[PDB]
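Structure record follows, encoded as structure tokens.
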Amino acid sequence: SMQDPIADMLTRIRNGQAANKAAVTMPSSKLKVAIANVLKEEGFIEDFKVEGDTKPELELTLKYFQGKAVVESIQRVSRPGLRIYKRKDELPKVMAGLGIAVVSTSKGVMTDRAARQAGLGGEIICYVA
Amino acid sequence: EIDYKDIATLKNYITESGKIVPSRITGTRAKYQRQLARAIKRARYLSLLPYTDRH
Amino acid sequence: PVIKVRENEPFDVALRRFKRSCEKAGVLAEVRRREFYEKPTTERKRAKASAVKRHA
Amino acid sequence: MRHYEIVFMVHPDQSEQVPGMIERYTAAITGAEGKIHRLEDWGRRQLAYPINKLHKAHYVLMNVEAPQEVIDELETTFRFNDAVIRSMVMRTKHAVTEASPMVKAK
Amino acid sequence: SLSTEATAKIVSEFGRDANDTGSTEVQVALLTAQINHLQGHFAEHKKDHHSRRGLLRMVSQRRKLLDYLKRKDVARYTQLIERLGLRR
RNA sequence: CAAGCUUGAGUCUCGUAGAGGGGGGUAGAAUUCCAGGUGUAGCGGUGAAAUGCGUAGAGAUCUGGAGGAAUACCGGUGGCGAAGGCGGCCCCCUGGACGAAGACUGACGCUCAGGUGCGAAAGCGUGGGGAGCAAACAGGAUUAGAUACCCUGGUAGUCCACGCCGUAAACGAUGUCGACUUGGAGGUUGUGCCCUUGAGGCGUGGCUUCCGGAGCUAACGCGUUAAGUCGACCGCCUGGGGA
Ligand SMILES: [Mg+2]
Ligand SMILES: [Mg+2]
Ligand SMILES: [Mg+2]
Ligand SMILES: [Mg+2]
Ligand SMILES: [Mg+2]
Ligand SMILES: [Mg+2]
Ligand SMILES: [Mg+2]
Ligand SMILES: [Mg+2]
Ligand SMILES: [Mg+2]
Ligand SMILES: [Mg+2]
């Protein structure tokens, strides 16, 4: 079943990028929007849009640099089957710092760098590079 | 539309020996070749059509 | 196959007409097939093999 | 109520019982709140192949709308009756009242 | 399966109206009626293993619906089982 | 924890295709047998034979009858089923799938150790049934031998009822459910639309076959029915032999 909506969003991005698709649409959620924000603010996607009221649909405009997709790798870390939580000092850095780790902290969803600056820890949602 | 009573139309889809003619020869649709075969068998039982070219 | 010899038609033509009626009805083919027992697995294997051959 | 197309063929030596059979069959259907839509006495007809050393037999078509109880006793009365050499009751999705190709080919 | 007239009768008896067809009480009663009717079929046709699989699906579906109603409204469940004469 | 929400999952209405299951009828071909007509010296079988059958009249042919088992053609990389498997025709009882349009319930869902049920053939028990086929067994051959392959026979068994057994290369050698990712040609089964239609034109679902792109793979190959990209849960593997 649809037990992991977050891994689905990442897979929709991953497959869309591989299929040279201009955009990817999926059923929306606050958490999907919070991740979409971090992806846009770090230049992994162009822009995101939430259409509808009763059945919200999140659309993400994919980014393509030159002959290639911007998102090289996008993997789910913490998942329903095994939750990954890290302390401020244990926070992981993707590509030795050249990539981002989406962390869910007490003060919201942000990058590994952001949480490190804010002295926070949390659930490691995904790795993006 | 197909009926065992219409031995007029039925006689076109059976051979000289009484055998049902395959869809590959008659060019009929799959759904209706099945409907035909049932009608030919229904008409055969009721002695409206023969089984073999002996009787 | 029931063949009726026509008026002023030679015997050679009537026999050739009969041989073609038997060829059409598959007389010798149905006898070859029924001579010996064939397992359901074997007739299913033959049907699959012939369907593959009917692709050129 | 279900729809049925009954076809029974009577021995030619008993072709006189046929009107009496029709009267009785119709009475059992109408008696059980059932309806009769088509009835066609085809009379003596030539058989495609012989059945019980016979060539020719009396045919009767019937398109009925009746409960499964009277259609069951109709099926048994055909087995029990020696006059009926063959019968076939076929369930139909809807009632039919149109000249069958037997009425039309004459 | 269960007749148009028989199904409609159950919908009225257990539903909020004639159109409240999805109500758990309606659903459980429609399954109860068919499970009970089929008892007669499987008494004569004990070797009908294929149809029995479909009956067991009705039984397992009823159980899942009954357990759902038990946690959502204990009173509505207590009434429903007493109304159709079932333990659990 | 509380209240919801309708997209997941169900319920309802009308239909559609199907060897899906259980029961009861019934039909025509053929084999064997019995009974009779005609007929006369062979038939049958094989690589060749012989065993075997036939002057108590076979085989061949025609007619009548008994009985069992299986359903030619249709028939199709056709269809249905969870798998095993399911095929003449008719009815009765019944399970599933799919489509169209709305309405209803409101996360009721997915998976599943243990548990439970089903489960080809052979085999087992009791009573039936027994035409054909045929383990065993007998005879005739082949061969250096021939406990075989071939031939003539033939018992269990194969068939039915009720129990049992619980296994197969039980295979797609591919666990189930869900989401996402270029295409081409067919087959099958729904349905919306358009024409003067004794057919086609344009869509939109379910299933299925061949080919193939990316990707994947040790390769072979797989390729929207994945063996691709991901997630949930389960089963299982850890060198060969021993086992
Ligand atoms: Mg049904
Ligand atoms: Mg016979
Ligand atoms: Mg509501
Ligand atoms: Mg036994
Ligand atoms: Mg032998
Ligand atoms: Mg024994
Ligand atoms: Mg095993
Ligand atoms: Mg390739
Ligand atoms: Mg391929
Ligand atoms: Mg070892």
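Naming works like this for the structure tokens: A, B, ... for the chains as they're shown, residue 1 at the start of each chain, ligands 1 onward in shown order.
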
Starting from chain A, keep only residues with some atom at most 10 Å from an atom of chain F, counting only C-alpha atoms (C1' of nucleotides), and report them as a PyMOL selection string. chain A and resi 1-19+26-27+54-56+75-76+79-81

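Residues with any atom within 12 Å of residue 2 of chain E, counting only C-alpha atoms (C1' of nucleotides) and excluding same-chain neighbours fewer than 5 positions away, are residues 7, 8, 9, 10, 29, 30, 31, 32, 33, 34, 35, 36, 37 and 38 of chain E; 94 of chain F.
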
Would you write out those residues with N, CA and C atoms (P, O5', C5', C4', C3', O3' and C1' of nucleotides), as a PDB file, in the first residue's frame?
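After the write, part_24.pdb holds the following:
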ATOM      1  N   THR E   7     -32.342  -7.503  -1.020  1.00  0.00           N
ATOM      2  CA  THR E   7     -31.271  -6.540  -0.705  1.00  0.00           C
ATOM      3  C   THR E   7     -31.864  -5.188  -0.313  1.00  0.00           C
ATOM      4  N   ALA E   8     -32.829  -4.679  -1.116  1.00  0.00           N
ATOM      5  CA  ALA E   8     -33.544  -3.421  -0.897  1.00  0.00           C
ATOM      6  C   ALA E   8     -34.241  -3.375   0.469  1.00  0.00           C
ATOM      7  N   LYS E   9     -34.873  -4.504   0.877  1.00  0.00           N
ATOM      8  CA  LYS E   9     -35.582  -4.684   2.151  1.00  0.00           C
ATOM      9  C   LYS E   9     -34.644  -4.493   3.365  1.00  0.00           C
ATOM     10  N   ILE E  10     -33.415  -5.050   3.284  1.00  0.00           N
ATOM     11  CA  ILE E  10     -32.352  -4.981   4.307  1.00  0.00           C
ATOM     12  C   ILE E  10     -31.829  -3.545   4.460  1.00  0.00           C
ATOM     13  N   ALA E  29     -25.585  -6.953   7.672  1.00  0.00           N
ATOM     14  CA  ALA E  29     -26.874  -7.639   7.483  1.00  0.00           C
ATOM     15  C   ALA E  29     -27.016  -8.275   6.100  1.00  0.00           C
ATOM     16  N   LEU E  30     -26.470  -7.615   5.055  1.00  0.00           N
ATOM     17  CA  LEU E  30     -26.480  -8.116   3.675  1.00  0.00           C
ATOM     18  C   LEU E  30     -25.585  -9.357   3.559  1.00  0.00           C
ATOM     19  N   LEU E  31     -24.469  -9.356   4.327  1.00  0.00           N
ATOM     20  CA  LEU E  31     -23.542 -10.479   4.401  1.00  0.00           C
ATOM     21  C   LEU E  31     -24.174 -11.604   5.239  1.00  0.00           C
ATOM     22  N   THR E  32     -24.815 -11.252   6.394  1.00  0.00           N
ATOM     23  CA  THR E  32     -25.507 -12.193   7.295  1.00  0.00           C
ATOM     24  C   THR E  32     -26.589 -12.966   6.532  1.00  0.00           C
ATOM     25  N   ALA E  33     -27.391 -12.263   5.716  1.00  0.00           N
ATOM     26  CA  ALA E  33     -28.458 -12.844   4.903  1.00  0.00           C
ATOM     27  C   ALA E  33     -27.927 -13.861   3.893  1.00  0.00           C
ATOM     28  N   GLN E  34     -26.817 -13.516   3.199  1.00  0.00           N
ATOM     29  CA  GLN E  34     -26.226 -14.400   2.197  1.00  0.00           C
ATOM     30  C   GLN E  34     -25.486 -15.587   2.835  1.00  0.00           C
ATOM     31  N   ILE E  35     -24.786 -15.374   3.987  1.00  0.00           N
ATOM     32  CA  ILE E  35     -24.089 -16.437   4.736  1.00  0.00           C
ATOM     33  C   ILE E  35     -25.124 -17.492   5.184  1.00  0.00           C
ATOM     34  N   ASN E  36     -26.265 -17.022   5.736  1.00  0.00           N
ATOM     35  CA  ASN E  36     -27.368 -17.872   6.197  1.00  0.00           C
ATOM     36  C   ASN E  36     -28.080 -18.587   5.043  1.00  0.00           C
ATOM     37  N   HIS E  37     -28.292 -17.900   3.906  1.00  0.00           N
ATOM     38  CA  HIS E  37     -28.947 -18.500   2.734  1.00  0.00           C
ATOM     39  C   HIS E  37     -28.105 -19.646   2.174  1.00  0.00           C
ATOM     40  N   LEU E  38     -26.771 -19.418   2.073  1.00  0.00           N
ATOM     41  CA  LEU E  38     -25.808 -20.372   1.519  1.00  0.00           C
ATOM     42  C   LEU E  38     -25.636 -21.644   2.347  1.00  0.00           C
TER      43      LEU E  38
ATOM     44  P     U F  94     -28.782 -19.755  -5.627  1.00  0.00           P
ATOM     45  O5'   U F  94     -27.182 -19.833  -5.665  1.00  0.00           O
ATOM     46  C5'   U F  94     -26.440 -20.088  -4.490  1.00  0.00           C
ATOM     47  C4'   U F  94     -24.985 -20.351  -4.824  1.00  0.00           C
ATOM     48  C3'   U F  94     -24.205 -19.169  -5.347  1.00  0.00           C
ATOM     49  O3'   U F  94     -23.853 -18.271  -4.292  1.00  0.00           O
ATOM     50  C1'   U F  94     -23.644 -21.112  -6.581  1.00  0.00           C
TER      51        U F  94
END

For residue 162 of chain F, the nearest of the candidates F:125, F:212, F:4, F:184, counting only C-alpha atoms (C1' of nucleotides):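 Going through F:125, F:212, F:4, F:184 one by one, the smallest distance to residue 162 of chain F is for F:125.
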
Nearest residue to chain F from the set C:43, C:30, C:35, C:9 (distances using only C-alpha atoms (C1' of nucleotides)): C:30

Give me the residues near segment 95-100 of chain F as a PDB file with N, CA, C and O atoms (P, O5', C5', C4', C3', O3' and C1' of nucleotides), in the first residue's frame, where near means some atom within 9 Å (using only C-alpha atoms (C1' of nucleotides)) and where sequence neighbours in that chain fewer than 6 positions away do not count.
ATOM      1  N   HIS E  50     -15.030 -24.375  -4.358  1.00  0.00           N
ATOM      2  CA  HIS E  50     -14.842 -23.076  -5.016  1.00  0.00           C
ATOM      3  C   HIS E  50     -15.796 -22.006  -4.503  1.00  0.00           C
ATOM      4  O   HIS E  50     -15.347 -20.936  -4.105  1.00  0.00           O
ATOM      5  N   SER E  51     -17.095 -22.317  -4.445  1.00  0.00           N
ATOM      6  CA  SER E  51     -18.084 -21.389  -3.919  1.00  0.00           C
ATOM      7  C   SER E  51     -17.876 -21.148  -2.436  1.00  0.00           C
ATOM      8  O   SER E  51     -18.154 -20.041  -1.961  1.00  0.00           O
ATOM      9  N   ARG E  52     -17.369 -22.175  -1.693  1.00  0.00           N
ATOM     10  CA  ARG E  52     -17.132 -22.034  -0.257  1.00  0.00           C
ATOM     11  C   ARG E  52     -16.104 -20.960   0.031  1.00  0.00           C
ATOM     12  O   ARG E  52     -16.296 -20.207   0.983  1.00  0.00           O
ATOM     13  N   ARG E  53     -15.074 -20.822  -0.847  1.00  0.00           N
ATOM     14  CA  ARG E  53     -14.041 -19.776  -0.756  1.00  0.00           C
ATOM     15  C   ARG E  53     -14.674 -18.358  -0.817  1.00  0.00           C
ATOM     16  O   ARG E  53     -14.214 -17.446  -0.125  1.00  0.00           O
ATOM     17  N   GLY E  54     -15.738 -18.214  -1.603  1.00  0.00           N
ATOM     18  CA  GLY E  54     -16.487 -16.974  -1.729  1.00  0.00           C
ATOM     19  C   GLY E  54     -17.326 -16.692  -0.502  1.00  0.00           C
ATOM     20  O   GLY E  54     -17.475 -15.532  -0.100  1.00  0.00           O
ATOM     21  N   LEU E  55     -17.861 -17.769   0.114  1.00  0.00           N
ATOM     22  CA  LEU E  55     -18.641 -17.692   1.350  1.00  0.00           C
ATOM     23  C   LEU E  55     -17.720 -17.285   2.511  1.00  0.00           C
ATOM     24  O   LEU E  55     -18.074 -16.398   3.291  1.00  0.00           O
TER      25      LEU E  55
ATOM     26  P     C F  14     -30.838  -4.251 -10.427  1.00  0.00           P
ATOM     27  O5'   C F  14     -30.363  -3.852 -11.901  1.00  0.00           O
ATOM     28  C5'   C F  14     -31.189  -3.044 -12.729  1.00  0.00           C
ATOM     29  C4'   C F  14     -30.428  -2.578 -13.954  1.00  0.00           C
ATOM     30  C3'   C F  14     -29.837  -3.685 -14.804  1.00  0.00           C
ATOM     31  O3'   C F  14     -30.820  -4.231 -15.669  1.00  0.00           O
ATOM     32  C1'   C F  14     -28.205  -2.012 -14.457  1.00  0.00           C
ATOM     33  P     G F  15     -30.835  -5.805 -15.997  1.00  0.00           P
ATOM     34  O5'   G F  15     -29.921  -5.890 -17.308  1.00  0.00           O
ATOM     35  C5'   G F  15     -28.655  -6.491 -17.264  1.00  0.00           C
ATOM     36  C4'   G F  15     -27.711  -5.799 -18.219  1.00  0.00           C
ATOM     37  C3'   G F  15     -26.640  -6.713 -18.788  1.00  0.00           C
ATOM     38  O3'   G F  15     -27.058  -7.256 -20.047  1.00  0.00           O
ATOM     39  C1'   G F  15     -25.596  -4.931 -17.655  1.00  0.00           C
ATOM     40  P     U F  16     -26.699  -8.781 -20.420  1.00  0.00           P
ATOM     41  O5'   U F  16     -25.128  -8.721 -20.702  1.00  0.00           O
ATOM     42  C5'   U F  16     -24.592  -7.883 -21.742  1.00  0.00           C
ATOM     43  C4'   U F  16     -23.085  -8.000 -21.778  1.00  0.00           C
ATOM     44  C3'   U F  16     -22.580  -9.426 -21.706  1.00  0.00           C
ATOM     45  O3'   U F  16     -22.621 -10.036 -22.985  1.00  0.00           O
ATOM     46  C1'   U F  16     -21.386  -8.109 -20.151  1.00  0.00           C
ATOM     47  P     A F  17     -22.884 -11.608 -23.122  1.00  0.00           P
ATOM     48  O5'   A F  17     -21.424 -12.219 -22.914  1.00  0.00           O
ATOM     49  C5'   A F  17     -20.441 -12.092 -23.939  1.00  0.00           C
ATOM     50  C4'   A F  17     -19.068 -12.453 -23.420  1.00  0.00           C
ATOM     51  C3'   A F  17     -18.951 -13.849 -22.861  1.00  0.00           C
ATOM     52  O3'   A F  17     -18.805 -14.801 -23.903  1.00  0.00           O
ATOM     53  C1'   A F  17     -17.954 -12.344 -21.347  1.00  0.00           C
ATOM     54  P     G F  20     -15.736 -21.534 -17.572  1.00  0.00           P
ATOM     55  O5'   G F  20     -15.383 -22.201 -16.164  1.00  0.00           O
ATOM     56  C5'   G F  20     -14.032 -22.378 -15.750  1.00  0.00           C
ATOM     57  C4'   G F  20     -13.905 -22.245 -14.246  1.00  0.00           C
ATOM     58  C3'   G F  20     -14.770 -23.175 -13.429  1.00  0.00           C
ATOM     59  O3'   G F  20     -14.219 -24.469 -13.377  1.00  0.00           O
ATOM     60  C1'   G F  20     -14.964 -21.020 -12.527  1.00  0.00           C
ATOM     61  P     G F  21     -15.180 -25.749 -13.385  1.00  0.00           P
ATOM     62  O5'   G F  21     -15.717 -25.810 -11.885  1.00  0.00           O
ATOM     63  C5'   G F  21     -14.817 -25.955 -10.798  1.00  0.00           C
ATOM     64  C4'   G F  21     -15.564 -25.844  -9.490  1.00  0.00           C
ATOM     65  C3'   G F  21     -16.679 -26.855  -9.299  1.00  0.00           C
ATOM     66  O3'   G F  21     -16.160 -28.087  -8.801  1.00  0.00           O
ATOM     67  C1'   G F  21     -17.508 -24.713  -8.829  1.00  0.00           C
ATOM     68  P     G F  81     -11.381 -15.285 -13.672  1.00  0.00           P
ATOM     69  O5'   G F  81     -11.045 -16.485 -12.663  1.00  0.00           O
ATOM     70  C5'   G F  81     -12.051 -17.037 -11.808  1.00  0.00           C
ATOM     71  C4'   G F  81     -11.537 -18.292 -11.106  1.00  0.00           C
ATOM     72  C3'   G F  81     -10.251 -18.118 -10.326  1.00  0.00           C
ATOM     73  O3'   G F  81     -10.502 -17.508  -9.070  1.00  0.00           O
ATOM     74  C1'   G F  81     -10.105 -20.090 -11.617  1.00  0.00           C
ATOM     75  P     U F 189     -14.216 -11.970 -27.641  1.00  0.00           P
ATOM     76  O5'   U F 189     -14.459 -11.071 -26.341  1.00  0.00           O
ATOM     77  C5'   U F 189     -14.961 -11.657 -25.158  1.00  0.00           C
ATOM     78  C4'   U F 189     -14.971 -10.660 -24.016  1.00  0.00           C
ATOM     79  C3'   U F 189     -15.799  -9.411 -24.236  1.00  0.00           C
ATOM     80  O3'   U F 189     -17.184  -9.645 -24.139  1.00  0.00           O
ATOM     81  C1'   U F 189     -13.755  -8.781 -23.310  1.00  0.00           C
ATOM     82  P     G F 190     -18.201  -8.654 -24.881  1.00  0.00           P
ATOM     83  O5'   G F 190     -18.514  -7.582 -23.736  1.00  0.00           O
ATOM     84  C5'   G F 190     -18.219  -6.221 -23.900  1.00  0.00           C
ATOM     85  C4'   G F 190     -18.280  -5.534 -22.556  1.00  0.00           C
ATOM     86  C3'   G F 190     -18.882  -4.136 -22.571  1.00  0.00           C
ATOM     87  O3'   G F 190     -20.294  -4.192 -22.342  1.00  0.00           O
ATOM     88  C1'   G F 190     -16.743  -4.032 -21.614  1.00  0.00           C
ATOM     89  P     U F 191     -21.307  -3.471 -23.358  1.00  0.00           P
ATOM     90  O5'   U F 191     -20.899  -1.922 -23.235  1.00  0.00           O
ATOM     91  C5'   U F 191     -21.198  -1.173 -22.041  1.00  0.00           C
ATOM     92  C4'   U F 191     -20.377   0.111 -21.973  1.00  0.00           C
ATOM     93  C3'   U F 191     -20.633   1.122 -23.083  1.00  0.00           C
ATOM     94  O3'   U F 191     -21.822   1.872 -22.857  1.00  0.00           O
ATOM     95  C1'   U F 191     -18.309   0.899 -22.777  1.00  0.00           C
ATOM     96  P     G F 192     -22.593   2.562 -24.097  1.00  0.00           P
ATOM     97  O5'   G F 192     -21.815   3.954 -24.269  1.00  0.00           O
ATOM     98  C5'   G F 192     -21.952   4.974 -23.275  1.00  0.00           C
ATOM     99  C4'   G F 192     -21.089   6.185 -23.585  1.00  0.00           C
ATOM    100  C3'   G F 192     -21.310   6.828 -24.946  1.00  0.00           C
ATOM    101  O3'   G F 192     -22.466   7.668 -24.973  1.00  0.00           O
ATOM    102  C1'   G F 192     -18.999   6.582 -24.589  1.00  0.00           C
ATOM    103  P     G F 205      -8.438   5.216 -19.724  1.00  0.00           P
ATOM    104  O5'   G F 205      -9.027   3.770 -20.053  1.00  0.00           O
ATOM    105  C5'   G F 205      -8.575   2.644 -19.358  1.00  0.00           C
ATOM    106  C4'   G F 205      -9.690   2.038 -18.528  1.00  0.00           C
ATOM    107  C3'   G F 205      -9.472   0.584 -18.174  1.00  0.00           C
ATOM    108  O3'   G F 205      -8.648   0.464 -17.028  1.00  0.00           O
ATOM    109  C1'   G F 205     -11.582   0.776 -19.146  1.00  0.00           C
ATOM    110  P     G F 206      -7.350  -0.477 -17.095  1.00  0.00           P
ATOM    111  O5'   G F 206      -7.980  -1.948 -17.051  1.00  0.00           O
ATOM    112  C5'   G F 206      -8.709  -2.377 -15.888  1.00  0.00           C
ATOM    113  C4'   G F 206      -9.280  -3.766 -16.076  1.00  0.00           C
ATOM    114  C3'   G F 206      -8.300  -4.818 -16.553  1.00  0.00           C
ATOM    115  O3'   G F 206      -7.458  -5.266 -15.499  1.00  0.00           O
ATOM    116  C1'   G F 206     -10.321  -5.037 -17.742  1.00  0.00           C
TER     117        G F 206
END

Contacts from chain F to chain D, 9 Å maximum, only C-alpha atoms (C1' of nucleotides): show me the residue list as a ChimeraX atom specification. /F:90-92

May I ask you to write as a PyMOL selection string all residues lying at most 10 Å from ligand 5, with only C-alpha atoms (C1' of nucleotides) and all ligand atoms counted? chain F and resi 134+150-154

For ligand 2, list the contacting residues at 12 Å or closer, counting only C-alpha atoms (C1' of nucleotides) and all ligand atoms, as a VMD selection string. chain F and resid 28 to 33 64 to 68 131

Put those residues in a file: N, CA, C and O atoms (P, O5', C5', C4', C3', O3' and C1' of nucleotides), as a PDB file, in the first residue's frame.
ATOM      1  P     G F  28     -29.106 -39.668 -30.567  1.00  0.00           P
ATOM      2  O5'   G F  28     -27.767 -39.688 -31.430  1.00  0.00           O
ATOM      3  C5'   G F  28     -27.620 -38.819 -32.546  1.00  0.00           C
ATOM      4  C4'   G F  28     -26.180 -38.420 -32.716  1.00  0.00           C
ATOM      5  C3'   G F  28     -25.280 -39.514 -33.236  1.00  0.00           C
ATOM      6  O3'   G F  28     -25.215 -39.420 -34.652  1.00  0.00           O
ATOM      7  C1'   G F  28     -24.322 -38.490 -31.318  1.00  0.00           C
ATOM      8  P     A F  29     -24.813 -40.687 -35.543  1.00  0.00           P
ATOM      9  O5'   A F  29     -23.214 -40.624 -35.556  1.00  0.00           O
ATOM     10  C5'   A F  29     -22.479 -41.685 -35.007  1.00  0.00           C
ATOM     11  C4'   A F  29     -21.018 -41.358 -34.996  1.00  0.00           C
ATOM     12  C3'   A F  29     -20.138 -42.551 -34.730  1.00  0.00           C
ATOM     13  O3'   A F  29     -19.880 -43.238 -35.937  1.00  0.00           O
ATOM     14  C1'   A F  29     -19.539 -40.835 -33.249  1.00  0.00           C
ATOM     15  P     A F  30     -19.987 -44.838 -35.993  1.00  0.00           P
ATOM     16  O5'   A F  30     -18.668 -45.300 -35.209  1.00  0.00           O
ATOM     17  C5'   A F  30     -17.372 -44.906 -35.662  1.00  0.00           C
ATOM     18  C4'   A F  30     -16.348 -45.052 -34.557  1.00  0.00           C
ATOM     19  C3'   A F  30     -16.270 -46.426 -33.926  1.00  0.00           C
ATOM     20  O3'   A F  30     -15.482 -47.292 -34.712  1.00  0.00           O
ATOM     21  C1'   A F  30     -16.366 -44.829 -32.223  1.00  0.00           C
ATOM     22  P     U F  31     -15.769 -48.869 -34.696  1.00  0.00           P
ATOM     23  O5'   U F  31     -15.067 -49.355 -33.345  1.00  0.00           O
ATOM     24  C5'   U F  31     -13.662 -49.327 -33.215  1.00  0.00           C
ATOM     25  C4'   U F  31     -13.268 -49.628 -31.786  1.00  0.00           C
ATOM     26  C3'   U F  31     -13.713 -50.983 -31.264  1.00  0.00           C
ATOM     27  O3'   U F  31     -12.832 -51.987 -31.694  1.00  0.00           O
ATOM     28  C1'   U F  31     -14.204 -49.343 -29.660  1.00  0.00           C
ATOM     29  P     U F  32     -13.399 -53.398 -32.150  1.00  0.00           P
ATOM     30  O5'   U F  32     -13.926 -54.020 -30.786  1.00  0.00           O
ATOM     31  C5'   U F  32     -12.991 -54.520 -29.839  1.00  0.00           C
ATOM     32  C4'   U F  32     -13.668 -54.853 -28.533  1.00  0.00           C
ATOM     33  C3'   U F  32     -14.761 -55.896 -28.623  1.00  0.00           C
ATOM     34  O3'   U F  32     -14.230 -57.203 -28.672  1.00  0.00           O
ATOM     35  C1'   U F  32     -15.523 -54.099 -27.317  1.00  0.00           C
ATOM     36  P     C F  33     -14.980 -58.342 -29.530  1.00  0.00           P
ATOM     37  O5'   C F  33     -16.294 -58.659 -28.668  1.00  0.00           O
ATOM     38  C5'   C F  33     -16.171 -59.210 -27.351  1.00  0.00           C
ATOM     39  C4'   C F  33     -17.485 -59.119 -26.594  1.00  0.00           C
ATOM     40  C3'   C F  33     -18.651 -59.816 -27.264  1.00  0.00           C
ATOM     41  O3'   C F  33     -18.636 -61.195 -26.991  1.00  0.00           O
ATOM     42  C1'   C F  33     -19.325 -57.661 -26.608  1.00  0.00           C
ATOM     43  P     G F  64     -30.567 -51.008 -37.603  1.00  0.00           P
ATOM     44  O5'   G F  64     -30.886 -51.905 -36.312  1.00  0.00           O
ATOM     45  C5'   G F  64     -32.221 -52.347 -36.050  1.00  0.00           C
ATOM     46  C4'   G F  64     -32.242 -53.475 -35.029  1.00  0.00           C
ATOM     47  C3'   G F  64     -31.648 -53.154 -33.672  1.00  0.00           C
ATOM     48  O3'   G F  64     -32.533 -52.398 -32.874  1.00  0.00           O
ATOM     49  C1'   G F  64     -30.843 -55.239 -34.365  1.00  0.00           C
ATOM     50  P     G F  65     -31.941 -51.251 -31.918  1.00  0.00           P
ATOM     51  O5'   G F  65     -31.317 -52.078 -30.687  1.00  0.00           O
ATOM     52  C5'   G F  65     -32.161 -52.835 -29.827  1.00  0.00           C
ATOM     53  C4'   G F  65     -31.361 -53.825 -28.994  1.00  0.00           C
ATOM     54  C3'   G F  65     -30.396 -53.215 -27.999  1.00  0.00           C
ATOM     55  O3'   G F  65     -31.073 -52.760 -26.842  1.00  0.00           O
ATOM     56  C1'   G F  65     -29.316 -54.971 -29.128  1.00  0.00           C
ATOM     57  P     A F  66     -30.443 -51.567 -25.969  1.00  0.00           P
ATOM     58  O5'   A F  66     -29.301 -52.310 -25.116  1.00  0.00           O
ATOM     59  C5'   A F  66     -29.655 -53.355 -24.200  1.00  0.00           C
ATOM     60  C4'   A F  66     -28.423 -53.992 -23.584  1.00  0.00           C
ATOM     61  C3'   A F  66     -27.466 -53.031 -22.913  1.00  0.00           C
ATOM     62  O3'   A F  66     -27.907 -52.738 -21.613  1.00  0.00           O
ATOM     63  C1'   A F  66     -26.240 -54.506 -24.288  1.00  0.00           C
ATOM     64  P     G F  67     -27.801 -51.244 -21.045  1.00  0.00           P
ATOM     65  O5'   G F  67     -26.232 -51.100 -20.703  1.00  0.00           O
ATOM     66  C5'   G F  67     -25.595 -51.977 -19.747  1.00  0.00           C
ATOM     67  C4'   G F  67     -24.080 -51.995 -19.921  1.00  0.00           C
ATOM     68  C3'   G F  67     -23.392 -50.652 -19.804  1.00  0.00           C
ATOM     69  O3'   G F  67     -23.205 -50.301 -18.436  1.00  0.00           O
ATOM     70  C1'   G F  67     -22.542 -51.808 -21.682  1.00  0.00           C
ATOM     71  P     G F  68     -23.338 -48.768 -17.959  1.00  0.00           P
ATOM     72  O5'   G F  68     -21.840 -48.236 -18.084  1.00  0.00           O
ATOM     73  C5'   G F  68     -20.815 -48.791 -17.269  1.00  0.00           C
ATOM     74  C4'   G F  68     -19.461 -48.676 -17.936  1.00  0.00           C
ATOM     75  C3'   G F  68     -18.950 -47.266 -18.168  1.00  0.00           C
ATOM     76  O3'   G F  68     -18.339 -46.781 -16.980  1.00  0.00           O
ATOM     77  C1'   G F  68     -18.640 -48.563 -20.124  1.00  0.00           C
ATOM     78  P     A F 131     -17.094 -54.643 -19.723  1.00  0.00           P
ATOM     79  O5'   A F 131     -16.056 -54.313 -20.925  1.00  0.00           O
ATOM     80  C5'   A F 131     -16.431 -54.410 -22.289  1.00  0.00           C
ATOM     81  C4'   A F 131     -16.143 -53.123 -23.080  1.00  0.00           C
ATOM     82  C3'   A F 131     -14.703 -52.777 -23.387  1.00  0.00           C
ATOM     83  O3'   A F 131     -14.143 -53.654 -24.363  1.00  0.00           O
ATOM     84  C1'   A F 131     -15.914 -50.823 -22.964  1.00  0.00           C
TER      85        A F 131
END

Name all residues at most 10 Å from residue 82 of chain D (count only C-alpha atoms (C1' of nucleotides); drop same-chain ones fewer than 4 positions away) and give them as number ranges by chain. D: 10-11, 14, 77-78, 86

Neighbourhood of ligand 4 at 9 Å, counting only C-alpha atoms (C1' of nucleotides) and all ligand atoms, reported as a ChimeraX atom specification: /F:123-125,157

Test item: residues no farther than 8 Å from ligand 7, counting only C-alpha atoms (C1' of nucleotides) and all ligand atoms, as an MDAnalysis selection string: chainID F and resid 167:168 170

Would you pick out the contacts of residue 33 of chain D at 10 Å or less, using only C-alpha atoms (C1' of nucleotides), so that residues sharing its chain but fewer than 2 positions from it are not included, and give the list as number ranges by chain? D: 1, 28-31, 35, 65-67

Contacts of ligand 8, 12 Å or closer, only C-alpha atoms (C1' of nucleotides) and all ligand atoms, given as a list in words: residues 212, 213, 214, 215, 216, 217, 221, 222, 223 and 228 of chain F
